[PDB]
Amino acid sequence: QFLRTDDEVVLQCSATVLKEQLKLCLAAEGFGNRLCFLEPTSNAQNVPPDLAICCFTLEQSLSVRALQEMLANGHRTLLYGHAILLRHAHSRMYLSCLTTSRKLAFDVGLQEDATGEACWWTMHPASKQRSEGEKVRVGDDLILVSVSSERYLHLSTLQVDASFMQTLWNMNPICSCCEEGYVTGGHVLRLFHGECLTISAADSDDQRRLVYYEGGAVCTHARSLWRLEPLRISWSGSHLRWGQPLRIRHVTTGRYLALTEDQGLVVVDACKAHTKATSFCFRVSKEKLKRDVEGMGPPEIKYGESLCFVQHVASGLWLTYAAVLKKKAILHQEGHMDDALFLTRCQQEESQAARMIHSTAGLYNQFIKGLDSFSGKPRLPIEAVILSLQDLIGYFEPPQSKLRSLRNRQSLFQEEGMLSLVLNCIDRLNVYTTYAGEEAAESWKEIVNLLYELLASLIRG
């Protein structure tokens, strides 16, 4: 019904493209790139969208008198006329109106701290059906106005900016108060057998596509982290239910647990992750065996205490095993009597790290791919690579058991091959003594210096 501070939301707008509605959500990575963009969510049945970086938390909802009061120095329902502070779940930065552009438009993206007016947004009713001081209702079209620049949060042409043109937004709830201890969608977690479900380590002959039960240290590495993704956008953070279908996304690689005709149980690119290949559910038992709600729903599955059998929804097949303990994970008609898994929730530091490794690997791989492109040939995400490097250098800065996080964060990245990755950039740039752009070459010495600085920061201590 209503929205409250601390609810988690997405900011959705629509565009009409090829005479069909396309729904899109405000997204940003934060590290490596502060700028918002739009993540299409309409084709979810075929291609699951990247939702982790669309989630925002309603930190704060103030009257403007209450805002001006604070600027010159609790599950509150949101009222029209209030100013809101939206913290990005992944990066923990705040949604702001930036002071850069590309005329009258400002960039929208993420600000590293909630000081000043740029990260505040007033909410206005999009019809006479709502008035200042009334509660914002889940479902309401609304207008969002930057407190700092007085422009409207705006969809352009698909991009987002702050503009004098209005755009209608739906602030759609992802979740509200959940029952302590209960599994919800959007959680990052591990699945333990009796040893946990994972894909192999970086640079494996695997190509990282096969699934395993493995024990030992993997139980604390990023490669065994998974994100649960119900087949819905709104209330995708609701409590999970026995038999409810969901996709299971591998965090550091972005691939989706799947049944595949040629190869059996594997992990699959998002573009191949259609519903049937990719829907599993949790079952109480292997016996033969509703209508999805518009709230948190009944809590059903508990971290630690619940035993769960994972079933592939379209085939009915059971997640099981085949054969420094490492077993291959398979889908089978019968499985084994000890197939039930238990779930353990990841904590935020490690969860964040795993997403950062995903983006970083993507970015530097693309940057390596551009270098290979003109390697043989006399005649690149320079901006992002630089910011990414600068961001990681700050993240790895030495400090007071901050030394523990550091060592552990360094460890997560190292076990995901970030050292080779950084080394590969250095080796490829050092093929040159002093091809690319001349524009590109303006940034060469800066980037190699930043890489070496990162390298050192990944080993220090």
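One-based numbering along the sequence shown.
In the deposited sequence, the stretch from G194 to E195 hides 1 to 3 residues that have no coordinates. According to the entry, the deposited sequence has 4 to 9 residues without coordinates between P399 and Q400. A summary of the deposited B-factors shows that, of 160-168 and 226-234, the stretch with the larger mean C-alpha value is 160-168. Mean CA temperature factor is higher for 126-134 when stretches 254-262 and 126-134 are set side by side in the entry. Per the deposited coordinates, the residue with the largest Cα temperature factor out of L38, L419, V64, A52 is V64. The PDB entry assigns its highest CA temperature factor, among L86, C281, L104, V268, to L104.
Remark: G181 belongs to the lowest third of its chain, ranked by C-alpha B-factor as recorded. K288 sits in the highest third of its chain by CA B factor, as recorded in the PDB entry.
Among all modelled residues in its chain, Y213 ranks in the lowest third by Cα B-factor. Among the modelled residues of its chain, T434 has a C-alpha B-factor that falls in the highest third according to the deposited record.
Per the deposited record, the Cα B-factor of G109 falls in the middle third when ranked against the other modelled residues of its chain.
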